[PDB]
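The sequence lines fix the lettering, A, B, ..., with proteins before strands; numbering per chain opens at 1. Values below: every heavy atom of this structure, side chains too, minus hydrogens, waters and symmetry copies.
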Amino acid sequence: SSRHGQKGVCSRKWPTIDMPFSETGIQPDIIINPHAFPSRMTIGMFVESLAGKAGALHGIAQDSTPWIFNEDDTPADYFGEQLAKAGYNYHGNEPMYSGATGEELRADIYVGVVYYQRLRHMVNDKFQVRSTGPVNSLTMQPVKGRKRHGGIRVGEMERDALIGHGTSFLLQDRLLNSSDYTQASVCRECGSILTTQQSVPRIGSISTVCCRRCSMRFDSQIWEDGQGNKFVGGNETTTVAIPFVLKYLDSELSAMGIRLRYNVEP
Amino acid sequence: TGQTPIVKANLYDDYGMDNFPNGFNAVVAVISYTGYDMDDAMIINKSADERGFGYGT
Amino acid sequence: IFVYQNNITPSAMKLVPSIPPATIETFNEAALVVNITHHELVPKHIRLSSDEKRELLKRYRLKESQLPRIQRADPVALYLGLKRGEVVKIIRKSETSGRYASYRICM
Amino acid sequence: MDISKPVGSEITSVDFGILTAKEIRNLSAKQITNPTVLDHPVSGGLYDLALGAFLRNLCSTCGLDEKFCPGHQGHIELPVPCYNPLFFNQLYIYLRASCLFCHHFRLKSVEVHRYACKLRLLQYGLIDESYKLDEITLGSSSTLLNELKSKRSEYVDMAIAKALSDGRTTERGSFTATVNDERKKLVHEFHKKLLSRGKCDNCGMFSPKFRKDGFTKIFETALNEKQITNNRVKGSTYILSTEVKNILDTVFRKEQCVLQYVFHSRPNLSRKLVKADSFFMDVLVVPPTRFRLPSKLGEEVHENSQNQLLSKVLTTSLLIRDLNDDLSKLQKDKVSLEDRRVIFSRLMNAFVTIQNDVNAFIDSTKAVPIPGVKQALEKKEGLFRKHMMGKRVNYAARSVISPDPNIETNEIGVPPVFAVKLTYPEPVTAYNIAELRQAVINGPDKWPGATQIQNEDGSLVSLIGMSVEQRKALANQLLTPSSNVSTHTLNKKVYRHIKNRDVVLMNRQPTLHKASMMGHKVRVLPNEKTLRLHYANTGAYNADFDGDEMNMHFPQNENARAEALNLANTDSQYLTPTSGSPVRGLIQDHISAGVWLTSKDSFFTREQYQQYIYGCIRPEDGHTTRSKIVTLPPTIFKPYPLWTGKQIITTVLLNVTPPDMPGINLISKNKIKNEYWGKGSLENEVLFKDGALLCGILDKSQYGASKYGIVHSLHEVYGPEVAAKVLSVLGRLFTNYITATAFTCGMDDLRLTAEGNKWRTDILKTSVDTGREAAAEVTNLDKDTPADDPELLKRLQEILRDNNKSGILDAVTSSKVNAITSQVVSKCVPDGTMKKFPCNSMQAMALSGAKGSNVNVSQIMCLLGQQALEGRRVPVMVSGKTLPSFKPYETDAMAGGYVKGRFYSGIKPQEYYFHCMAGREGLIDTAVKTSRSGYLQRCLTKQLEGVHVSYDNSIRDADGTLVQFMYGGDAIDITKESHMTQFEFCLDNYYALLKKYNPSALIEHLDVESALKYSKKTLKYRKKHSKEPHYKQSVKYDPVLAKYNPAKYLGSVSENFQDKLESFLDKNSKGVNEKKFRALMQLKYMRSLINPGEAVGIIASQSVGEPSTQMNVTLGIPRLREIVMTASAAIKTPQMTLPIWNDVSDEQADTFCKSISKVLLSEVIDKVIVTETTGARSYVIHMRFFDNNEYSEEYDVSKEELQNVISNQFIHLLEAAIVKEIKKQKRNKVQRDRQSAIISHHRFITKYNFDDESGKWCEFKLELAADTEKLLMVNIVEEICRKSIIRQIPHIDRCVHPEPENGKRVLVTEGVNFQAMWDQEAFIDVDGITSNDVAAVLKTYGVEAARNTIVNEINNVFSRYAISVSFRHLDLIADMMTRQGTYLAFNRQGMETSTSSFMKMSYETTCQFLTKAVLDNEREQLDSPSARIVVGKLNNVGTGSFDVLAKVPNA
Amino acid sequence: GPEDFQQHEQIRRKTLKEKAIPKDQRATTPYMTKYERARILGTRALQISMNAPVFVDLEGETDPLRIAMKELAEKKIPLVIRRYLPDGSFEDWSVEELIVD
RNA sequence: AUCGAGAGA
DNA sequence: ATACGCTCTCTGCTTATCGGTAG
DNA sequence: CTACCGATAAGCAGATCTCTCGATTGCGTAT
Ligand SMILES: [Zn+2]
Ligand SMILES: [Zn+2]
Ligand SMILES: [Zn+2]
């Protein structure tokens, strides 16, 4: 930024050969678009460019304290007199040449010397990319934090916009498939996702998925527990695809004494 | 590397801001030439940047 | 149809709906000095018959509950003497499509 | 989501229910007893190994580690049942209004049966039956009541059987929004009827009352002595949890009949009895260790808050159990009662403590406080709005955005830092190993490469820590036959990098509309750490390049790829759905470059012309449709060839526009007049002909976001792809041109000439006295009065004291000085400028629309003008000085803020101060406005998120409720409505339009005669009629859109489109005949229809929310709040407009306004003199009025009416106020007859009179007792004079006669009372009166008048700020609001009547809607989008509106 | 048991048949909507990327979405769009039966 | 983890 | 000396005590 | 002559894009 609020990021490091060169052989080190000026109306930057060039030529320092000029004694007049005396033109325009083609440009370019400040808002503390990483403990969603390999949040307004496109698959991929997708187990009859468990096996058997709500204390349909509580019960469970935050919400509601039956279709 | 401004108020010396140079003087052309600096972006000469222009730690 | 100049005692209102299938509708000398269907904001309401209502429900594969609802007590339903369960027809003067046909059910 | 592991099952619906104590005791793994968590986990503690694996301790339930243990619930046995905090209000309401003796409700049993029957009917879609049951009143004592109840039961059974037989309802019941409203109203009235009872009706046994003190505590009061008198003929206290449980258990098991229907919204198949044990918590279920793991932050180890609250509950439970053993000692042994009394009081205190501990574990507002389980799911930070309605996502990125014009307008520039981390699962095949094997050989580091290779069995091998030879070996074994039979139907995946063919989704917060999130194409650039974005997307994203940053989401399946490349992609969103206007295009440098290139002054040699053409267009990249660049003959042949910039535009179009099509024929204008090019120029009139720019200059109006420019026309005629290509090609062209002929601005652009400066000085010299003249006019002083006249200074002092007079003075002075400013600028621009257009780059930017405006140019070059602060001038201190520099009451424009200074020459210190004031105000306003309109969008979108377009072409909510029968009345897509009334454009481009529409393939699939015949009949009938009003006309013919589907029958169009088409064809007869043109236009109408599955509700909400940020009756966001956010019945400024008869003169209209507007008594009072004498404490309240010939003229109030109001209402109110204050302090014979009458009628009036010949005084003596203290008798008299009205009509505050705008002569009154203006038919067109108040018009005119009022008002907020919102959005909003016949709102109040409760609980007040949904056992079928994302199912709107089936070739 | 499942299956299939709308009386758009085109392209791309048999001749391309677009151009997509009416009724339009734009 | 200060659009 | 028991915002819905009308 | 239903004064529940850094319970008590 300059001292007039004309902030702006740097797009590309333009090579000096492709930079436009003036008739005196000097290529500017900062290029600012002329379209930044008409809306802001920072004419002080133009006056500073004029006075900076004049002072650099004459070896003097130009004071820019406000209200040292008036309508009769214009800074444009003053610094233009200095530039014309130094041999450059009154209006601060320099005939420049295209650095890529070589021909002289249509009109004289406005050049000068202005004081520039570098701000601490650098892109090296802004960029962040996540493919996988540390997930949360209860929601099993990506953690928050640039330094933690954490993901970004697609929130309420982003979801509403993603619906407005009619792209329900974009919504699925954002909010479920890439955030907390899980292939849990659900009881067909109980309709509950949490009261199921992986039964411990016996010698040679294979662990299966059972349920505790639709089971009563006690050969083929006998499944045991780690703590020795063997009993026959729910042997009819499926695997649906749900967000894990749904399972956390189910646990929280069960803490409130509320039940949610999940009616599995087939 | 900071520089004392060519254009500075008379109060710049009184508060001794020369002891703390904030930025640098640069040759700035108000030109629409690159096409990469339209909205508010700006273009920095690569050779100047390769001579320690605006460098900081 | 009954009118009352100033007021009606509340006790004479608990027995009007007590003689089916005939119905009694009560209006006032006030609120009737201007026909509220002559107002440009108010569209033309047409009471849909049974056959047309069945055709409408079959056309849209609807249920009588899912239709837009007109209250039993708003002035237009009182004006038409509308009954619960019977659909009305509204010809709306949409500024994007001119005449436009929409239906409300009375529930 | 891996696509190689399909899921067979699916959650159809979820129904809320109550977890009983028996099942949780059955399902639990272990009981938690001691309140010690760790010593290692405490066996029997909260972290017991039966509740899940914990820190390498294998779970003792399933025997699996922390990864494979889902976590299991445990339970803690409460020694006593506890009041569930969620259901306590219902517990209390049912405890009240009951008989402890007969164990029935205190309501009549027959009335309870009636409510039960009505609820049983409402369980089915039988609203009419449940209201025809009311007319079975007996009719048709105990035996009679039993027969009546049997009759009602049989009537209900027969009605339900008939409904089930005839199809209106199945055995599951028909639950919709209106039946839900009826059920809620019935249950509310049932409860209200119950609670409003004093004595039991089955047995007249008075029951003790109850009182409430928050929670955990319920007490009963004893009957009074007169109340127990009835209790003596029928023959305070702390109640216990078990006592109230027994009471309600008895009541519920007796009234199961009504309860099975009160606690149900749909019939229950299992017929499970509703029990009172469901309202009490005798067991608490503890969440598993997985969900209660400790919150460890390095060395900062913290205990979980849930563990804290559960441990407190455990401590109180164990304390109660121990207290239950020593109390047994003081009961079995015959010990004294004092120690027993102490132990019993301690036990009661412990009961209260355990109840409060349970209430703390459940909620935190009933027990700084530890957040319970309710607070985790309550607000914006709660579980719903922060983890289900918004989530963190894998495979996404964020960075700062930098511009790039050498990238496609539909592309994004992704740095190599992102391009190596982001990855996509590409399954290997026999056609893909060419590139995937190469990527694997490249490895994770060399772009493009593969980070991982997912095996068939789901194994995810990583190539990061692997050598090149091993990567080559893996890539060689990448495509191998599966050795395992169980995994022979799968192929290996490759997590290859994000190539150029991949698609990405961008987003910049805040996402105010769907255009702010598009699907761009990926272009992997070689420089790092910034996202490269073309300049066309700046308008779409509202983005910038001064530090703005935006997200980059990477879809992971081909479904989302197709969705992003086709539906969400960049070039298919050229037009905003808000108003159909374009939103893409070039901005500043390209606009100025085009203005310079497309002038007559531009000539180019053969080599220059060819270089520009090949720079912009590159056939090897696919930019050319002819495979070979084709050029034009030069416009000059001798002395040497010379082309023109317009020829470059023509060649660009010639090479990018597809061949075998005619060129664009467009006639338009630009922003630069013909006086900016000289005398006789015609460069303002753009002219295309066969795709050849023959006249005019290309401007902002042609390329950019402007309707009916060349880019918009190219879009319409050649599809979106060609317009995107033209934007890219013009961007490259105007970039390469601006390099060789660069554009610049400088100091000489900002200078005036000597003559311009002398003009400015001469005009500004006339501004010295304008402030003084305006002040003299405002203060009603004759002109030519000195600026320091004492009377002028006194008047200015009064104006300074009075805010309204200050505002008037500010307005007048601002008007005069703004007139002077306009004089200066119009004189000195551009005539007085030194450097002129097009050389003057400042004016070039201003006129061209690249940047800035004439306002900015004028401020830089002529003057700054008046500084306006809060709609006024600069503030003035209490001394009359607006600044220390200016003397008090300085009548000068510069003092008040008129800056006669320009940014070229600088402003004085005072003007600098004033300009800083104005700039600070502007910054504050922008900061407020950036988010003042953020709640409205979410309030709308929560309810409208499901409203979509069905295949019936009727828009209807997610459950199925119909909102509109046809979108906007015509089903026309707003993004396609642009070139439909552009009949001249369509006629000019007829052949290309025919080529694009191809009616050759659109005949065998359409009916092209029936719709046309019906439309001809309808048009003939309408032309015969329509000279008669809308009510009198008989319809006899519905519009063609009603009968015939517009998307299947050619010729079925809206009445407005058909009228416009016929008017065009009749008004201009112009070689193609009218028949084929009409056929083409009707086919265009057919093809401009809104597709089934459109998210019209979301689109309407976004298009009424986002434009709101661009912002004597409330305007903007406050008015949008009043209308669509809360639907207030009492608005801040209720007005109704009154049309006038054309035979009523303006004098008569003004007289009517005066005679209708209210007039208080205080508005004719001059002064009041109260001569209080205590010589028994009297008052002589002399009233002074204005002259009669003054107040009668001003208000139309005469002596008789004044005397009447004073005698009747004023004196009465004065007596009332006097007596109220007294009670507060304790803690001509006709005139004689009138006086005596007033004395007799009023309390303590002793004398009375009136100026019966002039109406000038009203002096009456008042008297009071001597014992009373002193009264002010001035303040109360003033308040009474303010209160008492002379002539008012109810609710009308003031009727005024505004200037006739739009030709019609209208009156506006403050306050709405329709039935009061119906009586003034002699002056008012009574059938044309409309009002601001939607509620009043809804009440006195009906639902549809309210609908029209809502639409007109919600349009009037935008149209005052020159914002265009399509009426389809507003019509959809209003038809969603009045969808029940009432003026509902967009909030939680209007949300209650809704099928899905997931939507409401995600919206807000989650606890309340959860209790309501669990009491009624509500079962929502997962219809609303919110429920779908809560349960993680594919949404219904858009691409989820249908299903995809595969046609296998074998049965 | 087996008979209870048999009657459940019969009720389900009867409801399905009662919801289906025969080809001779469907009153939906003859065209293919943009959502239908996008989802049919995505699903066909998924299928072909999952090693499905292909009908069109590959021109050296390897993008499954591009191959699906080629098939849609050649009308060789063996898929059916089941357009659901609000009440659960459905019309089974075929990809070749529909006219793309 | 919570509440305080500040910063970017 | 140390471990462990603990005073300066906007809406809209819901409740309370005074008015009548009627058997 | 009292029960029931309105009807205004009072009480009570609730939302209004990203990112850094800094700070974190008071006494008491029995040896
Ligand atoms: Zn089970
Ligand atoms: Zn376990
Ligand atoms: Zn009783």
Side-chain angles (χ1 to χ4, degrees), chain A residues 7-9 119-123 125-128 137 144-147 150 152-158 161, chain B residues 39-40, chain C residues 7-14, chain D residues 89 188 192-193 195-199 212 214 226 294-298 300-305 308 311-312 315 365 368-371 378-382 385 390 398-401 507-512 516-517 538 541-551 926-939 942 1109 1117-1118 1121-1122 1125-1132 1385-1390 1392 1403-1408:
Chain A
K7 89 205 71 176
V9 306
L119 312 186
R120 40 151 293 195
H121 308 128
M122 288 160 280
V123 79
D125 52 68
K126 300 286 194 299
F127 83 99
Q128 43 166 329
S137 188
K144 179 187 195 304
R146 172 179 176 263
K147 320 134 306 303
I152 54 182
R153 180 171 179 265
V154 37
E156 310 84 9
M157 313 187 73
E158 290 78 50
Chain B
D39 264 316
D40 269 331
Chain C
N7 296 90
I8 173 170
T9 172
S11 292
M13 202 79 76
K14 294 102 174 182
Chain D
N89 277 336
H188 176 279
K192 177 180 184 60
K193 203 73 173 59
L195 299 186
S196 63
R197 279 310 179 185
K199 181 175 54 186
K212 191 178 181 301
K226 65 179 305 302
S295 182
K296 181 182 180 180
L297 306 172
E300 186 198 354
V301 178
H302 288 341
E303 181 190 350
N304 193 8
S305 297
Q308 185 75 16
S311 282
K312 189 166 185 178
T315 55
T365 187
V368 173
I370 278 83
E378 180 55 33
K379 290 189 184 304
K380 178 193 57 174
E381 312 291 344
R385 289 189 55 185
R398 181 176 179 89
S399 175
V400 181
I401 53 176
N507 163 240
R508 179 201 175 270
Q509 289 76 6
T511 309
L512 292 175
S516 185
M517 173 153 40
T538 65
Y541 291 100
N542 204 334
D544 200 319
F545 305 100
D546 67 325
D548 292 54
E549 32 195 2
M550 77 172 50
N551 313 261
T926 58
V928 172
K929 202 90 64 177
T930 196
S931 56
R932 192 50 61 196
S933 169
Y935 194 25
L936 175 53
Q937 167 134 356
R938 77 167 301 255
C939 97
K942 176 53 69 180
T1109 72
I1117 311 299
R1121 284 194 61 262
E1122 281 191 320
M1125 255 180 61
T1126 167
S1128 69
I1131 61 183
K1132 298 303 295 182
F1386 283 101
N1387 51 30
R1388 47 178 162 92
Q1389 282 87 319
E1392 57 185 22
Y1403 183 57
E1404 65 197 22
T1405 49
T1406 301
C1407 61
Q1408 298 191 7

Which is true for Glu381(D) with a 4.0 Å heavy-atom rule: it touches a base, it touches only sugar-phosphate, or it touches nothing?
nothing

Once you round to the nearest 0.5 Å, how far does NZ of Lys144(A) lie from CD1 of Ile152(A)?
12.0 Å

By nearest nucleotide on DNA chain H, pick out whichever of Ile152(A) and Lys380(D) is the more 5' one.
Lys380(D)

Note: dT24(H) sugar, classed by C1'-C2'-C3'-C4' (positive north, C3'-endo side; negative south, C2'-endo side), is south

Rounded interatomic separation in angstrom, taking CE from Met122(A) and P from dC19(H)
18 Å

Scan every strand shown for a Watson-Crick or G-U wobble partner of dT29(H), both distances under 3.5 Å, and answer none if you come up empty.
none

How does each nucleotide of nucleotides 2-9 of chain F score, in 5' to 3' order, for protein heavy atoms under 4.0 Å: base (B), sugar-phosphate only (S), or none (-)?
-----SSS

Nearest heavy-atom contact between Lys193(D) and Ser196(D) is O-OG, 3.2 Å

Value for OG (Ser311(D)) from CD (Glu303(D)), rounded to nearest 0.5 Å, stands at 5.5 Å

Atom CD of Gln1389(D) and atom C1' of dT11(G): how far apart are they, to the nearest Å?
9 Å

Pull out every protein N or O sitting under 3.5 Å from an N or O of nucleotides 4-6 of chain H, one pair per line with the distance.
| from | atom 1 | to | atom 2 | distance (Å) |
| --- | --- | --- | --- | --- |
| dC4(H) | OP1 | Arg197(D) | NH1 | 2.6 |

Under 5.5 Å between six-ring centres and under 30° between planes, true for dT17(G) and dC18(G)?
yes

Nearest of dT16(H), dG12(G), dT18(H) to any side-chain atom of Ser1128(D)?
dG12(G)

Interface polar pairs with nucleotides 11-14 of chain H, N/O, under 3.5 angstrom:
| from | atom 1 | to | atom 2 | distance (Å) |
| --- | --- | --- | --- | --- |
| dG14(H) | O4' | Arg1388(D) | NH2 | 3.3 |

Please say which of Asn542(D), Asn551(D), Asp544(D), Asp548(D) ends up in a side-chain hydrogen bond (donor to acceptor under 3.5 Å, both in side chains) with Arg508(D).
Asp548(D)

Rounded to the nearest 0.5 Å, what separates atom CZ in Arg385(D) from atom CZ in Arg938(D)?
4.0 Å

Which base, if any, makes a Watson-Crick or G-U wobble pair with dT9(G), both distances under 3.5 Å?
none

Test log, rule side-chain contact (heavy atoms from CB on, under 4.5 Å), inputs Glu158(A) and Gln509(D):
CA-CA 8 Å; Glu158(A) 290 78 50; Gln509(D) 289 76 6; 3.3 Å; yes

With both distances under 3.5 angstrom, what nucleotide forms a Watson-Crick or G-U wobble pair with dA7(H)?
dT17(G)

Please report the shortest heavy-atom distance between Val123(A) and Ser399(D), naming the atom on each side.
CG2-OG, 4.3 Å

Restricting both atoms to N or O, compile the protein contacts to nucleotides 20-28 of chain H shorter than 3.5 Å, with distance only.
| from | atom 1 | to | atom 2 | distance (Å) |
| --- | --- | --- | --- | --- |
| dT20(H) | OP1 | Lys147(A) | NZ | 3.4 |

When we call it a touch if two heavy atoms are under 4.0 Å apart, what does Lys144(A) touch: a base, just sugar-phosphate, or nothing?
sugar-phosphate

For the pair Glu1122(D) (side chain) and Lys1132(D) (backbone), establish whether a donor and an acceptor sit closer than 3.5 Å, ignoring hydrogens and angles.
yes

North (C3'-endo side) or south (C2'-endo side) for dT20(H) via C1'-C2'-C3'-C4'
north

Identify, via the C1'-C2'-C3'-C4' dihedral, which side the sugar of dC13(G) sits on: north or south.
south

Would you tell me if any nitrogen or oxygen in the side chain of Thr1126(D) comes within less than 4.0 Å of OP1 or OP2 on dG12(G)?
yes

Note: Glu549(D)-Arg398(D) ion pair, threshold 4.0 Å (strictly below)
yes

Every protein N/O lying under 3.5 Å from an N/O of nucleotides 17-23 of chain G:
| from | atom 1 | to | atom 2 | distance (Å) |
| --- | --- | --- | --- | --- |
| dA22(G) | OP1 | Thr9(C) | OG1 | 2.4 |

Provide the distance between the two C1' atoms, one in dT9(G) and one in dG14(H), to the nearest whole Å.
13 Å

When you look at NZ of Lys296(D), are more than 12 heavy atoms from neighbouring residues, nucleotides or ligands closer to it than 6.0 Å?
no

Taking the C1' atom of each, how far is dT11(G) from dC21(H), in whole Å?
37 Å

When you measure from the side chain of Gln937(D) to the backbone of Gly934(D), do you find a donor-acceptor pair of N or O atoms at a distance under 3.5 Å?
no

With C1' as the reference atom in both, quote the distance from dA16(G) to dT18(H) in angstrom, rounded to an integer.
50 Å

Between the protein and nucleotides 2-4 of chain G, list every N/O to N/O distance that falls short of 3.5 Å.
none

With a 4.5 Å cut-off on side-chain heavy atoms, are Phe1386(D) and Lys942(D) touching?
no

Read from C1'-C2'-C3'-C4', is the pucker at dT16(H) north or south?
north

Examine distances only and state if a side-chain atom of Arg146(A) and a backbone atom of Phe127(A) form a donor-acceptor pair shorter than 3.5 Å.
yes

Step by step, would you call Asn1387(D) with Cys939(D) a side-chain contact (heavy atoms from CB on, under 4.5 Å)?
CA-CA 6 Å; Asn1387(D) 51 30; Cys939(D) 97; over 6 Å; no

OP1 or OP2 of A1(F) versus the side-chain N and O atoms of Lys296(D): is any pair under 4.0 Å?
no

How far does the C1' atom of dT31(H) sit from the matching atom of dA3(G), given to the nearest Å?
12 Å

If I pick the P atom on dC8(G) and the same atom on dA23(H), what distance separates them, to the nearest angstrom?
32 Å

Spacing of the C1' atoms in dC13(G) and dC17(H) (rounded, Å)
33 Å

Mate of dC17(H) where both pairing distances stay under 3.5 Å, Watson-Crick or G-U
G8(F)

Between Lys929(D) and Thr1109(D), is a side-chain contact (heavy atoms from CB on, under 4.5 Å) present by the stated rule, with each step listed?
CA-CA 6 Å; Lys929(D) 202 90 64 177; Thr1109(D) 72; 5.7 Å; no

Is it the case that the side chain of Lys312(D) and the backbone of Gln308(D) share a donor-acceptor pair, with hydrogens and angles ignored and the cut-off at 3.5 Å?
no

Here the gap from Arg1388(D) atom CZ to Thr1406(D) atom OG1, rounded to the nearest 0.5 Å, amounts to 11.5 Å

How about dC8(G) and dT9(G): do their bases stack, with centres under 5.5 Å and planes under 30 degrees?
no

Should the sugar of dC4(H) be assigned to the north (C3'-endo side) or south (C2'-endo side) class according to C1'-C2'-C3'-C4'?
south

Please state the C1' separation for the pair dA15(H) and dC18(G) - nearest whole angstrom.
37 Å

With rounding to the closest Å, how many angstrom separate the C1' atoms on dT16(H) and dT14(G)?
24 Å

Can you tell me how far apart CD (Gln1408(D)) and CG (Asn89(D)) are? Round to the nearest 0.5 Å.
9.0 Å

Separation of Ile370(D) CD1 from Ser305(D) OG (nearest 0.5 Å):
6.0 Å

Whole-Å gap separating P (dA15(H)) and CZ (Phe1386(D)):
19 Å

Might you confirm whether atom NZ of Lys7(A) has over 12 heavy atoms from other residues, nucleotides or ligands at distances under 6.0 Å?
no

Could you tell me whether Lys199(D) atom NZ has more than 12 heavy atoms of other residues or ligands within 6.0 Å of it?
no

